[PDB]
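Student: My structure is below; once you've seen it, I'll send some questions.
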Amino acid sequence: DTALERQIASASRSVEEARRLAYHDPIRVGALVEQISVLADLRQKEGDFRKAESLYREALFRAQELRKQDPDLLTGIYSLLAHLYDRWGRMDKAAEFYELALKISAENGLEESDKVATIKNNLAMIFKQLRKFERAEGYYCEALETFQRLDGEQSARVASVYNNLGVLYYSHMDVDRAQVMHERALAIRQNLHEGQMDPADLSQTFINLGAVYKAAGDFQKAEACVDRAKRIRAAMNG
Amino acid sequence: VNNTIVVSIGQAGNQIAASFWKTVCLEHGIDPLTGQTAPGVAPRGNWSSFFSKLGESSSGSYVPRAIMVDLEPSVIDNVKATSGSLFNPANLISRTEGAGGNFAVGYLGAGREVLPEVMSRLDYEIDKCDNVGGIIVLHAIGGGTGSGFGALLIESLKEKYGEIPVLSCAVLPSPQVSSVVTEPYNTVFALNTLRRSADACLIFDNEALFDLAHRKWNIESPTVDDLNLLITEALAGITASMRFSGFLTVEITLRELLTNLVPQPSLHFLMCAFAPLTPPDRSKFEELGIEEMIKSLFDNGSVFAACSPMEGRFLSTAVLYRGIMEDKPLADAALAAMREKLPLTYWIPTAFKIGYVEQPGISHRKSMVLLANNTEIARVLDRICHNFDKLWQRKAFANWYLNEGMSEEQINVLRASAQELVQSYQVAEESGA
Amino acid sequence: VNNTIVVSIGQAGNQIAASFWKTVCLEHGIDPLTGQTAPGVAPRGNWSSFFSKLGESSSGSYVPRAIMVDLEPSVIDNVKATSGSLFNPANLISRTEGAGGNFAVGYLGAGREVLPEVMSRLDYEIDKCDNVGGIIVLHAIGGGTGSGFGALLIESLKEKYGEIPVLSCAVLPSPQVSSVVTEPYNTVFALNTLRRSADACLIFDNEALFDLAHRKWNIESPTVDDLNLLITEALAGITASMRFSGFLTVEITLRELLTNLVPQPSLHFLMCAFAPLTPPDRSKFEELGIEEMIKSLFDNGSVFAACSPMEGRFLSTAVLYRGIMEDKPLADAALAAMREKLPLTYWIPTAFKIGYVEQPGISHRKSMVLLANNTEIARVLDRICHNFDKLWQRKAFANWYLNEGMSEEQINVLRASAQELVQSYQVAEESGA
Amino acid sequence: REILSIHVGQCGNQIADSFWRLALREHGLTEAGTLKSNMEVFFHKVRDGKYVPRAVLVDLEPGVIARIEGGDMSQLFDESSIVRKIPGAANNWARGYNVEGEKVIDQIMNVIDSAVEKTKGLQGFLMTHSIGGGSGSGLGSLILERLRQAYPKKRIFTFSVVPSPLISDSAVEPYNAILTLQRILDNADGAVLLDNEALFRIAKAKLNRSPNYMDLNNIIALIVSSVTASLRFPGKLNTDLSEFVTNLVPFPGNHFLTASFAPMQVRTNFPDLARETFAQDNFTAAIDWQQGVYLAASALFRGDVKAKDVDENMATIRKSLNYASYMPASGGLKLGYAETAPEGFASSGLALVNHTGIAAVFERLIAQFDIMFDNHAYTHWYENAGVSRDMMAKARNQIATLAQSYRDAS
Amino acid sequence: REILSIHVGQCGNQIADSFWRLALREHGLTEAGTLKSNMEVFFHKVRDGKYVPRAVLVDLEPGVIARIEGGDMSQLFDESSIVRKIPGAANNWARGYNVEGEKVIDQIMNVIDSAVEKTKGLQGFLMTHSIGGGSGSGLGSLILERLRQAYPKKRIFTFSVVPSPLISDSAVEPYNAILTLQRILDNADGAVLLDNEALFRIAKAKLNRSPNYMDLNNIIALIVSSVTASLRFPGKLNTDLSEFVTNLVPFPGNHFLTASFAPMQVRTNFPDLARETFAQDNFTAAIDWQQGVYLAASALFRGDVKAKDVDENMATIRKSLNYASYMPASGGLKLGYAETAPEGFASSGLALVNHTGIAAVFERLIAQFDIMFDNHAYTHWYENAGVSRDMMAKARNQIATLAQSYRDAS
Ligand SMILES: Nc1nc2c(ncn2[C@@H]2O[C@H](COP(=O)(O)OP(=O)(O)O)[C@@H](O)[C@H]2O)c(=O)[nH]1
Ligand SMILES: Nc1nc2c(ncn2[C@@H]2O[C@H](COP(=O)(O)OP(=O)(O)O)[C@@H](O)[C@H]2O)c(=O)[nH]1
Ligand SMILES: Nc1nc2c(ncn2[C@@H]2O[C@H](COP(=O)(O)OP(=O)(O)O)[C@@H](O)[C@H]2O)c(=O)[nH]1
Ligand SMILES: Nc1nc2c(ncn2[C@@H]2O[C@H](COP(=O)(O)OP(=O)(O)O)[C@@H](O)[C@H]2O)c(=O)[nH]1
């Protein structure tokens, strides 16, 4: 009767429908994946991670059986398993599965894709947690360049990688480079107002700039940032 | 009971009505190839809303109240080959020459020739009716016949009778590609009639009807056999309240439908939607409940229209449930969420005219039909108003409209009369915002 | 009046109680399929011993004081299909999985789950009682539910109340063939409870109940519809003193029955017998007098037990006459011959607790019920003690008892606690010789 | 004391299928009309056995009675006590009052007049409809005029069904209430406003089954019967229809009553039926409570309800209630009894409550009217069928007065 | 109490064509899935009429279900309750367990999990296969692992079909049993071992027609049904699936049961059905008899079998039987009943017999394994597909323990 049980019933029917559809027409694998992602999300929320894993493995087996191999699809499926492992707290496995995704893309054309830049960002973050700074920096830079070439410099995804690098540099106490990164993120994030970016990301940038300026000994600019973040978080109550 | 005539103009209207009377006869348990019912037993539902008793033997044919009008012979001769002795072949009027994307042949031309013969058969139907309370003209708003004679006939019928609803169940031009080269002309010439002398014009769009049979009825190439079944199942859905006198059937006449759906006399272009769009492959364990059909009614890719419905303001809405319902308070409470989710127009506090019909559909057990009088239906006609102007700055095709009897002064009126139509939702959008 | 609850555990106890409340309701002139009496008139006898007034209109249903407990759903759903609105369906508790010959599912398992729900309905019954003076738990001593939860419930009820008799009217394993493979286990696990925490355990045996319907009720195959009617007519015979306040009815409560029949706290396993065992084919000129029913009470093949009663010592005897008696001094003088014929136990000078009930039985006019607390009832349990040991030298089945929570130390206690039971008549046989 | 009944509109005639299947049960008649108590109230004695009811089944869209007089109940109603005409008062007040109303109103009145000249003690009109549609509210507004113009000294009780506050169920529905609630306020001596939102909820708690408008109407059809069952099952404290106007209607406008039923053969011990009768969730309207004090409540307890209990129960209930300041301490609540419960029940209860909360029903139907009328939002269907904006704003200015007349009554 | 079913392998799915055509007959449904008894056990109630079974038709070599879902039974099974994948677990355990098993096992489990989250009382798994092939025994060994790892507190009944003692029918078949009989011994709570040599003979005496594997499976499909028909046709002595583990499995290894059926609308007077049920030639395995004493027999007598007869019949049968020394005199045989026979029969019988003779099936499958493993005689098809000799000798050392565990149980 619970709200979550209702969401699960709905998501299960929708998955079962996509399964049957892919029985009648084995090519429709992409849509099965999408429906699975919603149900897998819900299973994670209730803590059934093995069920979520089974769903993605099923998606993967269907993708693997295609007569025309779709590496982009496989890349995406592996990245969903990687993210599942990450939320599960299986940090090594998350890195392993993002790496598998990247290897499939590297062997086919897909080096400079949307998925690949995302994966490299997410993988870089796991490497930060593994305390492998150099590997984290490398992947973040690659994600950054790819998003630069795909979207303008003026995009949410570019600013997100800037932000992530900022936190990386800040956490290894490279204050100078942290500053550059967060300012570049600030510059972009100001120029992008609509539903293409929520204002809570803008507040994080000020928050992060605050800690960077404070670490730099500029306590003035630090408080100015912490202030503007507070103004933003307040202004989203209306 | 409230009789209702289904006039079928043009090739696009006939091929809907070829499939519409396939449905309605099968819906009433009547053989769609002979007109006769099962021998000795009465037809299910209330037959006399659309039909007529031909022969008092209780096993004879039931002639539908339907005149099929088209200036090309091949369309109705296809129907005569695929109906048998069902229709009255005095109503199955055809000509030789056709119209061919020329409004001014269906309106002022070969359609003017059939108009003394067509109206001498509507007068045959209406005098045969008990008390007729609606005329559902099926046509397109794209061609020379359906948009030409459909503009002629409706202005020749409200001018004659006037105390009767004219629901012009019509098929708009698809914006993906035009099936006629003069198709943004022929709409605007019919948007004179379908705004002024029709009480409502139920639109349909061939782009959305492709997507709702490809993505929803999971087939590769949706033919016009299946466009005229998505429309049909909706036209056999809005008319299930007219034809059925069941358990708790909310018997909605056309006037009873249009009083709830035409707010003021220039806002009567109605979209439509159908639920469930489950394919006919017996997806029995994936049959949709009432809480989730309404979630599938109001998707952007769920209405039978080129526009995006939830990107604009639902001005008047009429959700026509049809089938076996177990849940009356779970009904209307899903719409209570949809009163919050959907963009409505204060300018109206509340508008959900809710029909129940206990008699289920043929293809579906729990079927839902929507009729949302949307403000986005000017955005379909904003495309048509723009595609008219690109073909009027050049003064497009030629003399083809002008040699038949129309004038350049008249054509600029009808563009303005379609501009008066598009602004009439633009009046009703920001004032309804 | 002294209220008395009939708890019905297991399939074997429910199917007796399915037929027991068929009898008792028909015995009180109450419809056994609705719970309501005949309209306007009071029920015959004293209804409130087993029943409860539901609705004060004098024509409403009388809910019996009965909770039916079984871990398998199919048994009580059979009762719900064959009782209507008679029972209180909050008392008709069922589960899904069942127990299945596993004591340690009914006792410590799925029966542990129902125990907060079962005891929350005994508390509903007892608080509804005027002053309850007995609890007649109907089960078997063979299964996983009746012998499992019946061992749980009785130890959960005297532990809670304690000032109330628990007459566990129970069905022993037949020695001819075991209906459960773990059936000599499950008895000994219930002979912990039915010796220690039950005030008496009225036994029944499916071998003797076959012979007393084949040779006596002269049918070929005695079904469990007729095993649960030989038991029933005896359970509706020992409770006729509880339910009837008639002419010279010796109103014997359960405590009033067990003070006469439990000599010391480890000698309360009682057999039973019924007279006449005349078949229901109206053998009117062969209806038995009181001088010859008592001759048919005490046959070796007349008790509801595997043992031979006259081959051992009747320790305490309670002959419950029930019906129209003309002859009080011819009564009790047939027992004066039976004081000489029968093997009694000095250790007791005399023991014949004699109930009269003027309200006759349904099937019989002059019916007699026996309750002989025999020393042979250890010889039934000598078989069960021996069949346990053959299945414990091997350490039979498996982990099935041990994985649920029981221990090998505990199982050897309960074998000793059944050895303490069997010797407790072996103490009372040779000392009573 | 023989009450005529009128069942106008699809909403009213669907109650007539519920009401005349409950009026036949409480009087103990079969469905054909013959004998299987004052049976003279609802039923005209045609012959020795057969009792034809005093109902007009006045209706447009003649498929509702085709359900009634098709299946199992064709022998019951007299067919000179009906009207069936197409078209169907197209959810449009001006069709029901003016266009397709004036076609039938000569037939309605001359069927009422052929049913009240068979009477021999006419007292009331249990006119059953909704204020939502175009037939129940349009022609229901027309019958109330013509019946008061014909019988100005007889009590006309309107048993309306308000539009739901939950959603519409009809687009032009807040127009059709105020055009009808005018004529109820002008002609009817007391109206019972019922609400399909509360009729959904209370039936949802009643049945272990999702309701339908046959199951909803059995709440109404008991309330329609329980109001007029101290008139036909006399008992003690005989409350006729003349005492639901003098007792429950203090001011000349406040005559819109909110009726509950309890229990919701079912027995109830009755210290809790009075707590069930005057439950705030058992009243069949979405009336206001946090800003609502009663004016005059009623309590018709039928069946095996003895009058000693209300000195302990109902005096306890009236302390729990909230009355106006100008109502006395233990007073303000009239009572009644019947000597016979409804069939299926053993002790029932009713509570006509005149309350300031019913102005929140009125305030909703004006706040919907406020936006919808000034922007002409369905107005041209009235204008092009007889009824102008002058005639419709004047309908508002009485209901805006009426919504104020309860706020003046606090 | 709603039993999921899994039909892995060509042997199991061919039983599924026999079983779900007998489960529809005993519940009285048509072949499409709609209604023509506890129907909730095998069938998921999708709609009011249509009952979709709780079966996964898990399979490699997807031509078996092409027979099923091509001809007459495509409307019955749900196609989100299936898997069809090429290649075909190439009569090779390592293909079925590791190579083409890990491709489908994420889809198998998430179809089981989509079928047991629709339950509402899940109790068991009637997982039907063979221990002979590569799909029924390879992927059947994989499902048993993943299902016990997912549901460690639910009874998993494996309905195997042993390789024939008569000839092979597959070359590498004694490898595929011991690789599977390991995982049955480790995960499944009780297995029914059936044998196509006995299924040939008993069907040869049944029909006046030379059998085929559709006619052989109707012996199995009754045994698959009769085990779980005291669970759905309740009757008296309700034997659930939890009582086939506590009663029939004494030691934690001895859970391989030899099931007969009798009679082999057919009526039987029943002093001779018990002599037909416990005929040594009616047991469906080539178990040992001259050096074989039982452990624990069962007797599920369905239909018009009244319980008085077993006091005279079954007590006579158990004297004729040979039990272990540590089983009691009249005990050691559990019983049960159903109130409904299978369609076509009027009184049936089943006998799950746990017996030391089933170790002779094990001793055969080790004596075949003994020569065949040490000489690498088909081993490289496992080695070059994931499964080493360490993993395969360890499979032997449990079954050589298991073949000793019955010889320790005498
Ligand atoms: N839904 C539907 N639309 C059609 C069909 N056939 C044609 N149309 C559309 O109808 C429009 C005009 O065709 P039509 O009026 O039949 O031409 P006319 O016969 O020359 O007047 C075209 O834009 C087509 O897209 C059909 O069978 N179904
Ligand atoms: N008298 C009688 N005994 C029964 C009946 N059904 C079963 N029995 C006996 O009861 C014993 C145990 O069955 P039961 O307790 O119902 O099993 P459970 O439901 O798994 O606990 C068996 O040895 C049967 O011989 C019946 O209807 N009447
Ligand atoms: N209580 C009740 N309400 C109904 C029933 N049928 C319809 N309604 C409601 O009554 C309102 C008015 O509809 P109605 O007056 O029947 O339309 P009309 O007959 O065409 O005037 C609608 O908003 C419905 O929600 C019914 O049987 N019982
Ligand atoms: N009882 C029965 N046995 C079969 C059937 N089909 C094949 N078998 C036997 O089952 C054994 C295993 O084959 P199988 O498991 O179907 O191969 P797989 O599906 O490729 O794994 C073979 O030795 C066959 O003798 C059948 O329909 N019924």
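Each chain in the structure tokens gets a letter, A, B and so on, in the order shown; residues start at 1 in every chain, and ligands are counted from 1 in the order they appear.
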What are the nearest atom pairs, with distances in Å to one decimal, for all residues of chain A that come at most 8 Å from chain B, using only C-alpha atoms, set out by chain and rising residue number as a Markdown table?

Tutor:
| residue | atom | partner | partner_atom | distance |
| --- | --- | --- | --- | --- |
| A:13 | CA | B:286 | CA | 6.3 |
| A:14 | CA | B:286 | CA | 7.9 |
| A:16 | CA | B:286 | CA | 7.9 |
| A:17 | CA | B:286 | CA | 6.5 |

Student: Produce a table with one row for each residue of chain E that has an atom at most 8 Å from any atom of ligand 4, each row naming the nearest atom pair and its distance in Å at one decimal; use only C-alpha atoms and all ligand atoms; arrange rows by chain and rising residue number; format as JSON lines.

Tutor:
{"residue": "E:8", "atom": "CA", "partner": "ligand 4", "partner_atom_place_in_ligand_line": "19 (O)", "distance": 7.3}
{"residue": "E:9", "atom": "CA", "partner": "ligand 4", "partner_atom_place_in_ligand_line": "19 (O)", "distance": 3.5}
{"residue": "E:10", "atom": "CA", "partner": "ligand 4", "partner_atom_place_in_ligand_line": "19 (O)", "distance": 3.5}
{"residue": "E:11", "atom": "CA", "partner": "ligand 4", "partner_atom_place_in_ligand_line": "16 (O)", "distance": 3.6}
{"residue": "E:12", "atom": "CA", "partner": "ligand 4", "partner_atom_place_in_ligand_line": "16 (O)", "distance": 6.8}
{"residue": "E:13", "atom": "CA", "partner": "ligand 4", "partner_atom_place_in_ligand_line": "27 (O)", "distance": 7.5}
{"residue": "E:14", "atom": "CA", "partner": "ligand 4", "partner_atom_place_in_ligand_line": "27 (O)", "distance": 4.5}
{"residue": "E:15", "atom": "CA", "partner": "ligand 4", "partner_atom_place_in_ligand_line": "27 (O)", "distance": 5.8}
{"residue": "E:59", "atom": "CA", "partner": "ligand 4", "partner_atom_place_in_ligand_line": "19 (O)", "distance": 7.4}
{"residue": "E:60", "atom": "CA", "partner": "ligand 4", "partner_atom_place_in_ligand_line": "19 (O)", "distance": 7.2}
{"residue": "E:61", "atom": "CA", "partner": "ligand 4", "partner_atom_place_in_ligand_line": "20 (O)", "distance": 7.3}
{"residue": "E:88", "atom": "CA", "partner": "ligand 4", "partner_atom_place_in_ligand_line": "20 (O)", "distance": 6.6}
{"residue": "E:89", "atom": "CA", "partner": "ligand 4", "partner_atom_place_in_ligand_line": "20 (O)", "distance": 6.0}
{"residue": "E:90", "atom": "CA", "partner": "ligand 4", "partner_atom_place_in_ligand_line": "20 (O)", "distance": 6.1}
{"residue": "E:91", "atom": "CA", "partner": "ligand 4", "partner_atom_place_in_ligand_line": "20 (O)", "distance": 4.9}
{"residue": "E:92", "atom": "CA", "partner": "ligand 4", "partner_atom_place_in_ligand_line": "21 (O)", "distance": 7.7}
{"residue": "E:96", "atom": "CA", "partner": "ligand 4", "partner_atom_place_in_ligand_line": "21 (O)", "distance": 7.7}
{"residue": "E:129", "atom": "CA", "partner": "ligand 4", "partner_atom_place_in_ligand_line": "15 (O)", "distance": 6.5}
{"residue": "E:130", "atom": "CA", "partner": "ligand 4", "partner_atom_place_in_ligand_line": "15 (O)", "distance": 4.8}
{"residue": "E:131", "atom": "CA", "partner": "ligand 4", "partner_atom_place_in_ligand_line": "15 (O)", "distance": 6.4}
{"residue": "E:132", "atom": "CA", "partner": "ligand 4", "partner_atom_place_in_ligand_line": "12 (C)", "distance": 4.0}
{"residue": "E:133", "atom": "CA", "partner": "ligand 4", "partner_atom_place_in_ligand_line": "21 (O)", "distance": 3.4}
{"residue": "E:134", "atom": "CA", "partner": "ligand 4", "partner_atom_place_in_ligand_line": "21 (O)", "distance": 3.6}
{"residue": "E:135", "atom": "CA", "partner": "ligand 4", "partner_atom_place_in_ligand_line": "21 (O)", "distance": 3.2}
{"residue": "E:136", "atom": "CA", "partner": "ligand 4", "partner_atom_place_in_ligand_line": "21 (O)", "distance": 4.1}
{"residue": "E:137", "atom": "CA", "partner": "ligand 4", "partner_atom_place_in_ligand_line": "21 (O)", "distance": 5.8}
{"residue": "E:138", "atom": "CA", "partner": "ligand 4", "partner_atom_place_in_ligand_line": "21 (O)", "distance": 6.8}
{"residue": "E:139", "atom": "CA", "partner": "ligand 4", "partner_atom_place_in_ligand_line": "21 (O)", "distance": 7.9}
{"residue": "E:161", "atom": "CA", "partner": "ligand 4", "partner_atom_place_in_ligand_line": "1 (N)", "distance": 5.9}
{"residue": "E:162", "atom": "CA", "partner": "ligand 4", "partner_atom_place_in_ligand_line": "11 (C)", "distance": 7.1}
{"residue": "E:163", "atom": "CA", "partner": "ligand 4", "partner_atom_place_in_ligand_line": "23 (O)", "distance": 5.1}
{"residue": "E:164", "atom": "CA", "partner": "ligand 4", "partner_atom_place_in_ligand_line": "23 (O)", "distance": 6.8}
{"residue": "E:168", "atom": "CA", "partner": "ligand 4", "partner_atom_place_in_ligand_line": "23 (O)", "distance": 6.8}
{"residue": "E:169", "atom": "CA", "partner": "ligand 4", "partner_atom_place_in_ligand_line": "23 (O)", "distance": 4.7}
{"residue": "E:170", "atom": "CA", "partner": "ligand 4", "partner_atom_place_in_ligand_line": "23 (O)", "distance": 5.8}
{"residue": "E:173", "atom": "CA", "partner": "ligand 4", "partner_atom_place_in_ligand_line": "23 (O)", "distance": 7.2}
{"residue": "E:194", "atom": "CA", "partner": "ligand 4", "partner_atom_place_in_ligand_line": "1 (N)", "distance": 7.5}
{"residue": "E:195", "atom": "CA", "partner": "ligand 4", "partner_atom_place_in_ligand_line": "1 (N)", "distance": 7.1}
{"residue": "E:196", "atom": "CA", "partner": "ligand 4", "partner_atom_place_in_ligand_line": "1 (N)", "distance": 5.6}
{"residue": "E:199", "atom": "CA", "partner": "ligand 4", "partner_atom_place_in_ligand_line": "1 (N)", "distance": 6.9}
{"residue": "E:212", "atom": "CA", "partner": "ligand 4", "partner_atom_place_in_ligand_line": "27 (O)", "distance": 7.9}
{"residue": "E:213", "atom": "CA", "partner": "ligand 4", "partner_atom_place_in_ligand_line": "27 (O)", "distance": 4.2}
{"residue": "E:214", "atom": "CA", "partner": "ligand 4", "partner_atom_place_in_ligand_line": "27 (O)", "distance": 5.8}
{"residue": "E:216", "atom": "CA", "partner": "ligand 4", "partner_atom_place_in_ligand_line": "1 (N)", "distance": 5.6}
{"residue": "E:217", "atom": "CA", "partner": "ligand 4", "partner_atom_place_in_ligand_line": "28 (N)", "distance": 5.2}
{"residue": "E:220", "atom": "CA", "partner": "ligand 4", "partner_atom_place_in_ligand_line": "1 (N)", "distance": 7.0}

Student: Considering only C-alpha atoms, extract the chain E residues located within 10 Å of chain A and return them as a list in words.

Tutor: residues 78, 79, 80, 81, 82, 83, 84, 85, 86, 102, 103, 104, 105, 106, 107, 108, 109, 110, 111, 113, 114, 117, 118 and 150 of chain E

Student: Can those selected residues be exported to a file as an mmCIF file, in the first residue's frame so that it contains N, CA and C atoms?

Tutor:
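For reference, part-v6.cif as written:
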data_model
loop_
_atom_site.group_PDB
_atom_site.id
_atom_site.type_symbol
_atom_site.label_atom_id
_atom_site.label_comp_id
_atom_site.auth_asym_id
_atom_site.auth_seq_id
_atom_site.Cartn_x
_atom_site.Cartn_y
_atom_site.Cartn_z
ATOM 1 N N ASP E 78 3.358 -16.487 -20.390
ATOM 2 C CA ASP E 78 3.766 -15.100 -20.557
ATOM 3 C C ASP E 78 5.174 -15.051 -21.132
ATOM 4 N N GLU E 79 5.417 -14.168 -22.089
ATOM 5 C CA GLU E 79 6.716 -14.144 -22.735
ATOM 6 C C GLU E 79 7.728 -13.272 -21.949
ATOM 7 N N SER E 80 7.297 -12.636 -20.868
ATOM 8 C CA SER E 80 8.247 -12.164 -19.865
ATOM 9 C C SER E 80 8.459 -13.193 -18.764
ATOM 10 N N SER E 81 8.058 -14.440 -19.015
ATOM 11 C CA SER E 81 8.354 -15.583 -18.144
ATOM 12 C C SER E 81 9.096 -16.675 -18.929
ATOM 13 N N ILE E 82 10.156 -16.301 -19.632
ATOM 14 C CA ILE E 82 10.830 -17.215 -20.580
ATOM 15 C C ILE E 82 12.268 -16.747 -20.746
ATOM 16 N N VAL E 83 13.122 -17.578 -21.303
ATOM 17 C CA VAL E 83 14.323 -17.123 -21.975
ATOM 18 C C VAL E 83 14.670 -18.074 -23.114
ATOM 19 N N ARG E 84 15.005 -17.522 -24.269
ATOM 20 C CA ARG E 84 15.372 -18.284 -25.455
ATOM 21 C C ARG E 84 16.678 -17.671 -25.956
ATOM 22 N N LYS E 85 17.739 -18.468 -25.962
ATOM 23 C CA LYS E 85 19.001 -17.999 -26.459
ATOM 24 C C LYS E 85 19.797 -19.076 -27.155
ATOM 25 N N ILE E 86 20.337 -18.738 -28.314
ATOM 26 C CA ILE E 86 21.337 -19.549 -29.002
ATOM 27 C C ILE E 86 22.738 -19.022 -28.576
ATOM 28 N N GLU E 102 25.918 -17.898 -17.680
ATOM 29 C CA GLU E 102 26.088 -16.554 -17.156
ATOM 30 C C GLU E 102 25.518 -15.474 -18.071
ATOM 31 N N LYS E 103 25.230 -15.808 -19.325
ATOM 32 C CA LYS E 103 24.536 -14.904 -20.216
ATOM 33 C C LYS E 103 23.064 -14.760 -19.843
ATOM 34 N N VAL E 104 22.454 -15.833 -19.369
ATOM 35 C CA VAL E 104 21.031 -15.847 -19.120
ATOM 36 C C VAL E 104 20.644 -15.761 -17.650
ATOM 37 N N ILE E 105 21.578 -15.996 -16.744
ATOM 38 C CA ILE E 105 21.212 -16.125 -15.345
ATOM 39 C C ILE E 105 20.790 -14.792 -14.731
ATOM 40 N N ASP E 106 21.246 -13.680 -15.274
ATOM 41 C CA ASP E 106 20.711 -12.396 -14.841
ATOM 42 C C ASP E 106 19.282 -12.214 -15.342
ATOM 43 N N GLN E 107 18.965 -12.794 -16.500
ATOM 44 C CA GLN E 107 17.608 -12.732 -17.015
ATOM 45 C C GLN E 107 16.728 -13.773 -16.350
ATOM 46 N N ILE E 108 17.278 -14.922 -15.971
ATOM 47 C CA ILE E 108 16.495 -15.951 -15.293
ATOM 48 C C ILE E 108 16.023 -15.442 -13.931
ATOM 49 N N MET E 109 16.955 -14.940 -13.144
ATOM 50 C CA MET E 109 16.638 -14.496 -11.803
ATOM 51 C C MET E 109 15.699 -13.296 -11.786
ATOM 52 N N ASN E 110 15.894 -12.353 -12.689
ATOM 53 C CA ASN E 110 15.024 -11.185 -12.747
ATOM 54 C C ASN E 110 13.680 -11.471 -13.390
ATOM 55 N N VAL E 111 13.458 -12.692 -13.859
ATOM 56 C CA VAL E 111 12.152 -13.138 -14.324
ATOM 57 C C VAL E 111 11.514 -13.963 -13.232
ATOM 58 N N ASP E 113 12.286 -13.206 -10.086
ATOM 59 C CA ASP E 113 12.004 -12.155 -9.131
ATOM 60 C C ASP E 113 10.799 -11.303 -9.551
ATOM 61 N N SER E 114 10.529 -11.224 -10.838
ATOM 62 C CA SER E 114 9.307 -10.582 -11.292
ATOM 63 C C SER E 114 8.106 -11.499 -11.199
ATOM 64 N N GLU E 117 7.696 -11.635 -6.745
ATOM 65 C CA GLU E 117 7.191 -10.392 -6.165
ATOM 66 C C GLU E 117 5.720 -10.164 -6.488
ATOM 67 N N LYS E 118 5.151 -11.016 -7.347
ATOM 68 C CA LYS E 118 3.716 -11.121 -7.529
ATOM 69 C C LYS E 118 3.090 -12.126 -6.543
ATOM 70 N N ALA E 150 19.464 -16.617 -3.313
ATOM 71 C CA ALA E 150 18.443 -15.566 -3.223
ATOM 72 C C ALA E 150 17.324 -15.891 -2.256
#

Student: For chain E, report every residue with an atom at most 12 Å from chain B (counting only C-alpha atoms), formatted as a list in words.

Tutor: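 Going by the stated atoms only, the list reads residues 32, 33, 34, 44, 45, 46, 47, 48, 49, 50, 51, 52, 53, 74, 75, 76, 77, 78, 79, 80, 81, 115 and 118 of chain E.
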
Student: Write out as a list in words each polymer residue whose atoms come within 12 Å of residue 391 of chain D, counting only C-alpha atoms; drop sequence neighbours fewer than 3 positions from it.

Tutor: residues 93, 94, 175, 178, 179, 180, 182, 183, 373, 379, 382, 383, 386, 387, 388, 394, 395, 396, 397 and 398 of chain D
